[PDB]
Structure formats: structure tokens, C-alpha cells
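Student: Experimental structure and sequence below, a few questions after.
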Amino acid sequence: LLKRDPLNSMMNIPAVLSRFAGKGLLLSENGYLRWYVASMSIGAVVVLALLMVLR
Amino acid sequence: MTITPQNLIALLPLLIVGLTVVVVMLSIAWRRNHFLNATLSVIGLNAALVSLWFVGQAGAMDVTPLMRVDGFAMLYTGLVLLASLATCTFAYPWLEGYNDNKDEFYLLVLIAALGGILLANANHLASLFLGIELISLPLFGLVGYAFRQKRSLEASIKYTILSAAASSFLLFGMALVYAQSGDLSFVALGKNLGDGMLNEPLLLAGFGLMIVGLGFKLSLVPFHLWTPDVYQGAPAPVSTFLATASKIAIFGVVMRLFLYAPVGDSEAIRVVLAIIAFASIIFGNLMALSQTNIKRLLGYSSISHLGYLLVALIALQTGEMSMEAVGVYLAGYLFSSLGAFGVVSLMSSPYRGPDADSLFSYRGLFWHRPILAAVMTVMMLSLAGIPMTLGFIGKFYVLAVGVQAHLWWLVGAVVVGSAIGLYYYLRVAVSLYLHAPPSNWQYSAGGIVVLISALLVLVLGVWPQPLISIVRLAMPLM
Amino acid sequence: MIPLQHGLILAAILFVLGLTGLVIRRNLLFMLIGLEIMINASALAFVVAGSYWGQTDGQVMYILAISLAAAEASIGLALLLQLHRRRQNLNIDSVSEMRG
Amino acid sequence: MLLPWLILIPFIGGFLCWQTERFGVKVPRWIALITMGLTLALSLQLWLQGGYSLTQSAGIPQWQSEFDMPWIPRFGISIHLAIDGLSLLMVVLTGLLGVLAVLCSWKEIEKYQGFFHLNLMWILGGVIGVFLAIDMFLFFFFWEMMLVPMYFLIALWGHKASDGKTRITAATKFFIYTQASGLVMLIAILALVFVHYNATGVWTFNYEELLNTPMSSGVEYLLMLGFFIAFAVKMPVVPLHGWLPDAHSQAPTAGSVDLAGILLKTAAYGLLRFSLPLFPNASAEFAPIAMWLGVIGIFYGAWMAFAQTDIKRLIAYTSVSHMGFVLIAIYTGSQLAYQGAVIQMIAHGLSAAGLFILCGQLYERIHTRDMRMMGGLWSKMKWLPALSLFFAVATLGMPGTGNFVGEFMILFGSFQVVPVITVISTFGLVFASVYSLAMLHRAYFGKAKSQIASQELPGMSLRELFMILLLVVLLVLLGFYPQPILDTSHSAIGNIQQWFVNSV
Ligand SMILES: CCCCCCCCCCCCCCCCCC(=O)OC[C@H](COP(=O)(O)OCCN)OC(=O)CCCCCCCCCCCCCCCCC
Ligand SMILES: CCCCCCCCCCCCCCCCCC(=O)OC[C@H](COP(=O)(O)OCCN)OC(=O)CCCCCCCCCCCCCCCCC
Ligand SMILES: CCCCCCCCCCCCCCCCCC(=O)OC[C@H](COP(=O)(O)OCCN)OC(=O)CCCCCCCCCCCCCCCCC
Ligand SMILES: CCCCCCCCCCCCCCCCCC(=O)OC[C@H](COP(=O)(O)OCCN)OC(=O)CCCCCCCCCCCCCCCCC
Ligand SMILES: CCCCCCCCCCCCCCCCCCCC
Ligand SMILES: CCCCCCCCCCCCCC
């Protein structure tokens, strides 16, 4: 039962989480200029809303 | 305020770079001479770097309401001038293969360096806006210098559109801040409030729109998506300049704005910048895990390193050595990025078409270019924050600053992002030594520049006290 | 007897209209037009703020803003002409070959 | 005064190993041999001149030799080295294993062995610096600097049979584990320095000054946890162990990388030298968790060693089990258990070095490491199976070898402190005998299970036989006469134990 080293795989879990998160984050880099502008305006909305919430 | 002769002495690198712009442009008007115009540009940049000594002998003073010259301004002027000199040195062997006009490149580099010096000395919203624009527009030209290539043209279009959008965001935020405050000086942004009313909604909204513009300029999440495309599409010396000088100058003026403005210690702005720094570190490290392009990987790396710098920015009012940490980190980051992007530029020189930016092209670099491979693995170790490198000294400064101010979320983010960075930087540095299937003194000068950068990174990684003492000498007006 | 809030609101309305035009238009010329709208709106906001405080600094910032607008419009239209020369098409979605 | 040269002779020797390759391709091995022999001779001279047997416990700090130089005076950071009995034993073991690592890579005459020997000497100098540094920044600096040549040695000079991607993956996993844990330790160091600065007002990274640092319970627990996370990664302590069999399996086939910077127990030394004295109350509350982690390490490593089909992975998991014993010993607060831990560290270094060198020689002979492809190798080789039998007898803790002295003194002191953990650990000794006999029967006894094991094989040469027999003699002498080793470390161990139990 132990010959596959289960604790090693349990500690390898954060590596696969990092791989999955990086692959998900790379979807935002689609190369489209209009999406880059839209993401800038989304970030503007988020920053402004956060500043008004914690004012 | 008027301009005095001692103010003109404090004006010296700006005046010298402007005179170099005029002289190089008149020399181009005389005759197109690549060697002569490149030599005149580097002579002017070296003269400004030397005249920093006379600026230091003059002392710290206010030159007009727009500028304040001190040791901080001198250090950032020196960093900008070093990056510009390296950019010209890498530009010449690349431009030797350029069939169209090559002389305009040095003119654009000089004007961008002028913008960097203005941002180093900026004490005013007008000078901050003008310095950002003076950096950005020559970079619009430089990123699309090889506009016949589709990647360079696409990168130029993306950078121009997004930087115009960010400039309009920053100017609207400046206008809202001015409407609240009634003064565009840095020290007056929040001065007309008291009794715990620093979080005025219009002042905070204006500073948020300025944060949008500046965080575009610093590739901070979520204004970061332009960075790998523009870094990849630009010419490699342009990528060197954009990675070093623009980021360093804009972060220096952000440092000074948050140090001087009474609204800089607002808790809402601090929390928003903490979120941005956390997301920048994590996202920039995570997106570079699976990059087969060295320039895109360096773009995501730049996002993460500016996140670390922003972590040092957050502890500006809490701790005592935030500015010293930022100076040490920026010196180390300048040398590491200069070496890495210079190895990329020398591998892409002379210009023939598409850039040599695939990781398969750098696989087995040691078997034909051993010195360049040694320099590149030193820079990959430095950007990972490995000891006996200056990048580790910068990371140690960032960690000490975060621990002192009890920014535990940011400290944990730095540790996790450092582990992710370890993975991809080691992948590049060890792919350099695997197995895979010039001849003029300007290329040798570029190789000497990257070798000197590697030697400085190693020596100041082992012995960082001279750099620490230099940065501690270069202190702004309290 | 003009409230400063009304001028700032008019400037903000023009700014978000220009940003909307920047996002929703695939043609690069309309993107540049939206950029001109946003920078003109920010310059208007500076003029309103300078007029409220009785200072020349608002009009000075306006002057710097329109200098930026002129130079940026020049560069953007040069890039548009280059895109039309090398593509015969001004669709900004076509310049997307760098991604990931 | 000789401690800077104890660090610098490996570094200058590695530089000379790289530089002398133009004089010939058989030159850098001689330079590395003279370098490590000079380091070992300096360590032995320090042992003779130290007078460690007559040294009494005077309390921390108590150094037989000391060196100080300012390095980064802005933060109060110094090149601060100090030697006492425990660090002296560790440095002597490092020099001996470095000489063995040079001698084991004697036949590698490739075109870039100057860089190989430079990396080996830089690893050994970093290990010596870890054992000598009593400045926390300098200790961390050595702790992290000795992993870069480790990474490059595994990645470029590693197991040639495996694909390059496997070597890159194992090297990267090892580097990420060790460096991320080191960064957590750096966070703990920085927070301790800031607590001391807030309490007093001066900038210091000196371990002697940081000993008297008043802090609340909960802060001290977190600093202890950061230190323990670094040490637990490098010890290894389960579940932070998975890098170790991968790094061993992809290390260079002779095993100089195995000896040079894996089989030197810097983490147990760090727990004894830094974790217990800086955070005695936090370590006292953490003791049950650490002891149960050690118990789990003993049994988990034994079961993993039994389940292996590769010999190198088997020996790596034996290292996991024995370090579980040492981890149990460290948190007892018993002088007898601490002395047993010192003996166990030295004896495990010797026995695992012998096992890894013999495995490298066996792989040179038969070109495979899977035990299912061998068997009956006693009748085919001249010296190797009998020496492997002796070393397997050593790692099960047979009396007459130093391993028995080590873990039995550990168990005596631990039973004086914690009986239940002790009895479970002795059943761990039964498990150790099981895995050692299993490896012996799979490799050397029975009949041949493939074609390579059915033919006569060339015998060991004089150099390999000399180094293996030297390890045999040292292990037997440690088993029958461990008193000079106990007398060397008696004062330092007593100081650490008295500090641990007088502040709790
Ligand atoms: C082929 C041709 C080649 C030509 C040479 C090119 C390479 C060399 C370039 C040399 C540039 C020299 C610049 C010297 C700046 C400092 C001059 C000086 O005297 O500073 C002293 C001053 C404080 O001293 P004091 O004079 O007493 O102050 C009175 C004013 N209140 O100090 C200050 O006020 C602030 C001092 C620090 C300012 C920053 C330092 C200058 C910029 C450095 C950028 C790089 C830093 C990182 C790398 C460091 C490597 C060690
Ligand atoms: C006691 C627990 C708390 C304290 C922990 C202290 C930290 C040190 C000890 C734990 C370290 C755990 C590291 C786990 C990953 C090890 C590295 C690794 O596996 O690298 C190999 C892998 C690439 O190899 P392969 O699987 O072939 O992938 C090819 C994909 N096409 O590489 C990759 O896939 C990329 C790996 C990127 C980096 C890994 C993620 C690091 C995240 C932060 C780690 C810090 C601790 C976080 C909490 C741990 C769990 C509690
Ligand atoms: C992902 C890997 C890395 C892990 C994440 C990064 C580290 C996270 C650390 C979280 C720390 C939470 C602290 C919560 C309390 C803070 C407020 C407080 O109570 O401050 C008290 C004190 C300041 O007041 P003072 O006058 O100094 O009091 C004397 C007490 N000594 O405060 C102090 O004196 C400072 C207390 C500092 C405590 C130690 C912090 C670092 C400890 C080592 C690393 C964390 C533990 C190991 C890793 C866990 C698993 C990953
Ligand atoms: C990409 C995804 C994957 C990668 C990233 C994964 C996540 C990374 C981050 C992991 C770490 C999270 C934070 C852990 C530290 C939390 C600290 C904390 O909560 O401190 C609160 C408190 C502070 O102390 P305080 O009460 O202020 O003291 C003064 C009163 N005398 O503390 C106390 O009072 C004492 C608390 C003691 C225990 C705190 C630490 C728990 C750590 C759990 C794991 C380790 C368990 C032990 C070791 C096991 C073997 C390694
Ligand atoms: C660090 C490596 C240690 C290896 C094991 C060494 C064990 C000690 C051996 C000492 C010598 C024993 C035989 C000679 C005894 C001489 C007694 C002299 C006084 C009567
Ligand atoms: C991905 C990085 C995770 C880092 C986690 C850090 C947690 C810090 C918690 C601090 C709690 C303080 C309570 C007073």
C-alpha cells in the first residue's frame, strides 16, 4: 500500500495546484488588445470600489 | 520659483541629455552616420553620469515647484543613465543589421532617458505626468522600430493604445486630486484635511485612477497583461530599456509620491496596494511556470519583481528602511535584468528578422557561447534570489522590511513566489548547459557590459556593504 | 455659480463614454478616437479644477494634456497607416499573434 | 583562526581544480584530493590541539576556537565562526567524507571534471561553513549556498542511464524543497532579530546575543516552527522527505554527491545548536509532536525501504528511519540521548557512505540497480557482497558497529524520558533488521534472476577496497571504543542540555 510513497504525493499536491493556477492565469493572455483595455477598466472599477468600501 | 545658477548646477544631467538630443539630431541633419551618432549619444549619457558628481557637490535643493534634487534623485538618475548607456551599447550591433534608418534609435533613447531623469527629480503632478509621457512616447517608437516585423508592429500598437489609456486614467486621477486639494505639489496631496479625515472620497478616487495608470506602467496586476507581448515583440535592446529604465524611473517617482503625500499613509490605499502586490507576486510567478519564450518569461518575472518592490512600498510609513530596501533592490534588479536582456540582445544581433527568443535557441548555449551562458545562469540565479547574488540581497531587504511592518500575507506571498520562481529560473539556467542541435568591438562592448553586470551581481551578492552604504547615502529630503 | 461637482461629473461622463468606445470598437481608428475623447475629458476635468481654485495650473495641465494628445494622435495614426499598409485591414483583433 | 581556512581551503581548492584542467585531464582529481586531505588534516590538528576531553561544561556560549570579521555592519552581520566539540566532530566527518567523495570519483576522466571537482569542493566548504557559523545570516548563507552546486551536480553529472528530464526534475525538487524551507528559516531569523532589536535597540545577527531574547509564548513557537521546518526538510522528517530518494537516485553514479552534501547531518546539528538553545520553551512544548514525527519517520522509512526495488532508494529510506531516531533523541532533554544522537549521526554517515559507495561499484559492475535483475551475486564477485553484508549488518544496529552504540544510547535516554515512544522505536529496530535482510537476500543471495548476474564480474580495485575497508575499520572502532568521540562532544552536548532544561 505504501510503495508509491503517499506522503510524497500529498506534498506534491501544491506543485500541481501551482501548475493548474498558472495554466488558468495564462488564459487571460489571449493576445487581444481590446481585452487588455477591458481588463484595465475592470481593474479600475475594482480599485475604485475597494477604495470607496474601505474609506 | 525662479532658476538660479546653483539650480542650473542641480539641473546638470537633464540639461546635458537635452543638449545631447539637440546635438545628435543636428548631426543626423548633417549626415546619417550610425557610428558617430551612437558615439555622440553615449558621450552625452556618460557626461550626464559624470555630472552627477557636480550635482552631489551642489547639494539638495528645489528647482522650481516642479522638481526637487537630492540623493534619491541622484541615485535614480544614475540608474536611468546606466540603463540608457547599456541600451545604446546593445543597440549598435543589433542596428548594424537594420536596413532602414538607425540614427533615430539613439535620439529616442536619449529622450526616454530625459523622461527618466525628470521622473527621478519629480516633485509635482505636472512633472510626474510629463516624465511618464517622456518615457512612454519614445518607447512607442522604439518598441515598433522594426515595424516591418509583425511582432514589433503589434507590440507597438498594443503599447501605444494601452499607454494612452493609462495616461488618460492617470491624468483624470490627477485632475480629481487637484480638485480636492487645490495644489499639485506632492507634499500638499492631503494636507488640507485634518482630525482623521484623510480618506476624502474624491482624493481616494483620484489616487485610485493614478494607481491604474502607474500600475499599468509598473506591470502590476491587473494592469499587467501587456507585459509579455510588448516584451516579446519589441527589439531586444528596447526590451532591455523597457525592463530596466522605465520601471525603475516610474517606481522611483511612485516612491517619492507616496513618501511625500500626506494621503500616502491612508489605510485604504495601503490595503489596495497590498492586494495588488500580493496578486502581482503570485500571478507573475505562476504565469512564468510554462514559458518557452525567454522574453515573455522575463516579462512575467518583471511583474513578480515589481510586486516585491511594491511590498517594500507598503511599509514606507511603518518601517524605517523602506527606501533603502527599494534602492538596493532596484540596483540589483537593474544589473540582473541588464545581464539577462543583454545576453538576449547579443544572441539576437545583428538584426535579421525574428528575434532569437525561443528557449530551444538557448538550449546548449554553453557549447558555442560559454561566457554568455555563464552570464545568463548568473542572472537566472540572481532573479531567483539565490545567495551570492545581489537579487538575494534585495529579497532579504524586502523580507526584512515586510517582517518589520508585520505584513505577514505579503511575506508569505514572497516565499511562495520565490519557490515558483526557483522552478522556472532553474529550468532556464540548466537548459543553458544541455545539448541541442560578432567580430567587431561593439559586440565585444556588449559582451563586456553583460560580463561586468555578472561580476557586479556576484561580488555585491557576496559583499553587499558598499552598495548598502551608497544607497544609505542617497537619501531624500525628510 | 457653476458647482465644481457638475463640471467634474460632465468630465467623468465624457471619460467613461470614451472608454466605452475604446473597448467596444474593433476598428483601430475608433479606438484612437475613444482615446482622444478620454484625454480630452481628463483635460476638461483639469480645467474645471483650475477654474474652481482660481489658478492657472488647470490650464497649464490642459496645455500639457493636449500636447500629449497631439503627439499620441500622431504616433497612433502613423501606426494605423502602417497597419493598413501591411494588412489592408484595420481590425485590431487581427494583431493578436503574441499570446500565452 | 584556522576556521576561516577550514572554509576557504575547499573554495580555493575547487577554484584550482577548475583552473588546473588545462594542465591535463587527470590533474583536477589530484588537486581535489590534496584539498580535502589538507582540510581533514587541519580538522584533525584542531582535534589534537583543542583538548576536548578535558573540557568541562561552562554554559552556552563556550567555544574552543573563535573567529570574527565584520561583513555587513549595517545589519550587525559578521563572518563569525566558532568551533566546539560537536561542530568539530561534524567538520572532521565532513573532511573524511570529502576525501572519500574525491577518491570515489577517481576514474571520471571526462572533459569537464574540473567543474565537477569545483562543485564538490564548494559543497564541502558550504557544509563546513554550516557547521562553523554562529552568525545567523552567515549560517543561513552557507545553508543556501551549498545547494546550487548540488543542483548542478545532480542535473548535469547525475545518473547517466536515466533521461535528462528525470535528473532535472529530481534536482529541481530538491532545490525547491531546501531553498523554500531555508527562506522560511530566514523569516524566523529576521523576526527574531527584530524582536531583539525592539527589546534592546542594537542590530545583531550574533547567535550569542540572540540567546537572551525575551519574547512571548506564541512568537517563540512560530520562530521555532520556521527553524524546525528548514531542519525537518533537510533532516529529512516526514512528510518533508520526498526529495531525498529522488535526489539519491539521480545523483552521480559513483556517489560523491551522496557523500558530499547529503550524508552530513547539518539539520540535526542545527536543531541541537540553534533550535533548542534559542527557543527552549517552544521546543519543550513542541517535543511530543517532534517525537511522534520521528516515530512515524522510523516506521514509514522502514516500510518504504522494504518496498523499494532500487538499492539507492532503499538506502535513502534507511536514512529517513535513522534520522527519525535522531529526531526522537534531540527533543528528550537527556544528555545520554544527545550523546547517542551524536554517535548515531557519525555512525550513520559512515555506514551510509559505505553502502552508497558499494552500490555505486555494484552499478559499475552490473549496469543496473533493480534488485529483480540480480541475485546470487555472492558467487560472482570477490569483495563487494561481503562488505555489503557488513554494512547492512551495521545499518540494522548490530553491536560491534557504532550504529548500535548510537541508537541504543538514544533509546536508554529516551526511556528515561519517554517510555512509550522508546518501545515503539525499538520495534522500529526490528523493522530495520527486516529491510536490511531483504536487501541482502534480493541482491546477493539466491539464484541469478537475469543474464548480467549469471557471469563473473571484475573485482574491486585497491583504491575502492582501501576506502571501503577504512570505513569498515572506523565503524568497528566506533562500535567497540566510542569513548574518544563521546569525550569530544561531552562539553558541548552538556551545555546544550543544561541550557534546554534550565530554561524550561
Ligand atoms: C568611458 C567613460 C566612462 C565614464 C565613467 C562612467 C562610470 C562611472 C560613473 C561615475 C558617476 C559618479 C557619481 C557620483 C555621485 C556622488 C558625488 C558625491 O560627491 O556625492 C557626495 C554626496 C554626499 O556627500 P557631500 O559631498 O558631503 O554632500 C554635500 C551635499 N549636501 O552624496 C550624495 O548627495 C548622494 C550620493 C549617492 C548618489 C547615488 C550615486 C550615483 C549613482 C549611482 C548609480 C549606481 C548605483 C548602484 C551600483 C553601485 C556599485 C558600487
Ligand atoms: C511543513 C509544511 C509547511 C512548510 C513548507 C516549507 C517549504 C519547503 C518544503 C515543501 C516544499 C514543497 C514543494 C513541492 C513541489 C516540489 C517541486 C517539484 O515537484 O518540482 C517538479 C515539478 C516539475 O516536474 P514534473 O512533475 O515533471 O512537471 C512537468 C510539468 N509539465 O515542478 C513543478 O511542477 C513546478 C513547481 C513550482 C513550485 C512548487 C510550488 C511551491 C509553493 C510554495 C511552497 C511553500 C510551502 C507551501 C505549503 C506546503 C504544504 C503545507
Ligand atoms: C508560506 C511560507 C511562509 C509562511 C508565511 C509567512 C510567515 C507568517 C507569520 C505569521 C505571524 C503572525 C503573527 C501574529 C501576531 C502579530 C501581532 C502581535 O501580536 O505582535 C506582537 C509582537 C510585537 O510587539 P512586541 O512589543 O514585539 O511584543 C513582544 C513579543 N515578542 O510581534 C512580534 O514580536 C513579531 C512576531 C513574529 C512572529 C514570527 C513570524 C515568522 C515565524 C516564522 C515563519 C512562520 C512559521 C513557520 C511557517 C509556517 C508554515 C508555512
Ligand atoms: C499555491 C497554494 C499552495 C502554497 C501556499 C500554501 C499556504 C502557505 C501558507 C501556510 C502558513 C499559513 C499561516 C501559518 C501561521 C499562522 C500564525 C498564526 O495564526 O498566529 C496566531 C498566533 C500568534 O501568536 P500570538 O497569540 O500573537 O502570541 C502572543 C500571545 N502569547 O499564534 C499563536 O498563538 C501560536 C500558533 C502556533 C501554530 C501556528 C502555525 C501552525 C502551522 C501549521 C503547520 C505546521 C504544524 C506543526 C509542524 C508539523 C510538521 C512540519
Ligand atoms: C569521526 C570519525 C570517527 C571514527 C571512529 C573512531 C572511534 C574511536 C577510535 C579510537 C582508537 C581506538 C583504538 C586505540 C585505543 C587507544 C587507547 C589509549 C589509552 C589507553
Ligand atoms: C500564499 C501565501 C500565504 C501566506 C499566509 C500568511 C498568513 C498570515 C496570517 C497572519 C495573522 C495575523 C493575526 C494577528
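Tutor: In hand now; what should we look at? Numbers count the residues shown, from 1 in each chain, chains lettered A, B, ... in the order given. Ligands and ions are numbered 1, 2, ... in the order given.

Student: Longest helix in chain B, please.
Tutor: Taking DSSP state H as the criterion, chain B has its longest helix at helix B:150-181.

Student: for that helix, packing partners?
Tutor: helix A:33-53, helix B:125-143, helix B:201-217, helix B:227-233, helix C:4-24, helix C:28-53, helix C:57-87 (3 or more CB pairs under 8 Å, 6 or more residues apart in numbering or on different chains; DSSP states H and E). For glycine as for every other residue, the C-beta is placed from the backbone atoms N, C-alpha and C.

Student: so of those, which one's packed in deepest?
Tutor: Mean neighbours per residue, mean count of other CB atoms under 10 Å in any protein chain shown, is largest over the helices and strands packed on helix B:150-181 for helix B:227-233, with a mean of 28.

Student: So it, near chain A or not?
Tutor: Yes - against chain A, helix B:227-233 shows contacts by CB under 8 Å from any CB of the partner chain at B:228-229.

Student: which outside residues touch that helix?
Tutor: With contact meaning CB atoms under 8 Å, 6 or more residues apart in numbering or on different chains, helix B:227-233 is reached by A:29, A:31, B:143, B:151-156, B:158-159, B:219, B:239, B:242-243, B:287, B:291, B:293, B:295-296, B:298-300, B:302-303, B:355, B:357, C:98-99.

Student: Filter those residues down to the buried ones.
Tutor: A:29, A:31, B:143, B:151-156, B:158-159, B:219, B:239, B:242-243, B:287, B:291, B:293, B:295-296, B:298-300, B:302-303, B:355, B:357, C:98 (16 or more other CB atoms under 10 Å in any protein chain shown).

Student: For residue B:93, see how far away the closest residue to ligand 3 within chain A is.
Tutor: Going by CB to the nearest ligand atom, ligand 3 is nearest to residue A:14 of chain A, at 10.0 Å. Plainly put, residue A:14 is 44 Å away from residue B:93 if you go by CB to CB, to the nearest Å.

Student: who does the lengthiest helix in chain D touch, helix- and strand-wise?
Tutor: When chain D is parsed with DSSP H, its longest helix is helix D:164-199. Judged by 3+ CB pairs under 8 Å, 6+ apart, the packing partners of helix D:164-199 are helix B:390-404, helix B:408-431, helix D:136-145, helix D:148-157, helix D:207-210, helix D:219-234, helix D:243-249.

Student: run the last query once more with 6 Å
Tutor: helix B:390-404, helix B:408-431, helix D:136-145, helix D:148-157, helix D:219-234, helix D:243-249 (3 or more CB pairs under 6 Å, 6 or more residues apart in numbering or on different chains; DSSP states H and E).

Student: So what touches the one helix or strand residue B:312 maps to?
Tutor: Per DSSP states H and E: residue B:312 is located in helix B:294-314. With CB atoms under 6 Å, 6 or more residues apart in numbering or on different chains as the contact definition, helix B:294-314 has outside contacts at B:218-220, B:224, B:227-228, B:231-232, B:239, B:243, B:251, B:270, B:273-274, B:277, B:280-281, B:284-285, B:287-288, B:291, B:322, B:325-326, B:333, B:357, B:383, B:398, B:401-402, B:410, B:417.

Student: returning to what we had before: please identify the deepest-packed of the helices and strands packed on helix D:164-199.
Tutor: helix B:390-404 (a mean of 26).

Student: Residue D:449: how many residues sit nearby?
Tutor: Using other CB atoms under 10 Å in any protein chain shown, residue D:449 has 16 neighbouring residues.

Student: now the one 10 residues further on
Tutor: As a burial measure, residue D:459 scores 12 neighbours (other CB under 10 Å).

Student: so it makes contact with residue D:382?
Tutor: Yes - taking contacts as CB atoms under 6 Å, residue D:459 lies within contact range of residue D:382: 3.7 Å.

Student: what residues are shared contacts of the two?
Tutor: Counting by CB under 6 Å, 6+ apart, nothing touches both residue D:459 and residue D:382.

Student: what's the offset of stretch D:463-478 from the middle of its chain?
Tutor: In terms of CA atoms, centre = their mean, to the nearest Å, the centre of stretch D:463-478 is found 18 Å from the chain centre.

Student: Please apply the same query to stretch B:223-239.
Tutor: The answer for stretch B:223-239 is 13 Å, by CA atoms, centre = their mean.

Student: The residue in chain C positioned nearest to ligand 1 and residue D:174: what is the separation?
Tutor: With CB to the nearest ligand atom as the measure, residue C:64 is the residue of chain C nearest to ligand 1, at 28.8 Å. Using CB to CB, residue C:64 is found at 56 Å from residue D:174.

Student: and residue D:420, which of the helices and strands packed on helix B:150-181 is closest to it?
Tutor: Closest to residue D:420 of those, according to CB to CB: helix A:33-53, at 53.6 Å.

Student: same for that closest one, what does it pack against?
Tutor: Packing contacts for helix A:33-53, counted by 3+ CB pairs under 6 Å, 6+ apart, involve helix B:150-181, helix B:201-217, helix B:267-287, helix C:4-24.

Student: thinking again about what came up before, now the helices and strands packed on helix B:150-181 in TSV, please, with extra columns for distance to residue B:337.
Tutor: Below are the helices and strands packed on helix B:150-181 laid out as TSV (distance: least, CB to CB, whole Å):
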stretch	distance to residue B:337
helix A:33-53	23
helix B:125-143	16
helix B:201-217	16
helix B:227-233	11
helix C:4-24	31
helix C:28-53	30
helix C:57-87	26
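
Student: Which one of the ones you listed lies nearest to residue D:265?
Tutor: Per CB to CB, nearest to residue D:265 of the helices and strands packed on helix B:150-181: helix B:227-233, 44.1 Å.

Student: Please list the outside residues in contact with the helix or strand following that closest one.
Tutor: Counting by DSSP H and E, the element after helix B:227-233 in chain order, helix or strand, is helix B:236-241. Outside helix B:236-241, the residues that touch it by CB under 6 Å, 6+ apart are B:87, B:90-91, B:94, B:142-143, B:231, B:295, B:341, B:344-345, B:348.

Student: going on from helix B:236-241, what's the next piece of helix or strand?
Tutor: Next element after helix B:236-241 (DSSP H and E): helix B:247-260.

Student: got the angle for that following helix vs helix B:294-314?
Tutor: Orientation check (axes from the mean of the first three to the mean of the last three CA atoms, to 10 degrees): helix B:247-260 against helix B:294-314 gives 10 degrees.

Student: returning to what we had before: in the longest helix of chain D, what's buried?
Tutor: Buried residues in helix D:164-199 (16+ other CB under 10 Å): D:167-168, D:170-197.

Student: again, but for stretch D:94-109
Tutor: Under the neighbour-count rule (16+ other CB under 10 Å), stretch D:94-109 has D:94-106, D:108 buried.

Student: Just the C-alpha atoms of it, please, in CSV.
Tutor: Extracted C-alpha coordinates of stretch D:94-109, given in CSV (Å, rounded to 0.1, in the frame of the first residue of the first chain):
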residue,chain,number,x,y,z
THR,D,94,32.9,16.3,6.6
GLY,D,95,36.6,16.2,5.7
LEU,D,96,36.7,12.4,5.8
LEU,D,97,33.6,12.0,3.6
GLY,D,98,35.0,14.7,1.3
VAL,D,99,38.2,12.6,0.9
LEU,D,100,36.1,9.6,0.2
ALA,D,101,34.0,11.5,-2.3
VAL,D,102,37.1,12.6,-4.2
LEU,D,103,38.5,9.0,-4.1
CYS,D,104,35.2,7.6,-5.3
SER,D,105,35.1,9.8,-8.4
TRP,D,106,38.8,9.0,-9.3
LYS,D,107,38.1,7.2,-12.6
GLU,D,108,35.9,10.0,-14.1
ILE,D,109,38.3,11.5,-16.6
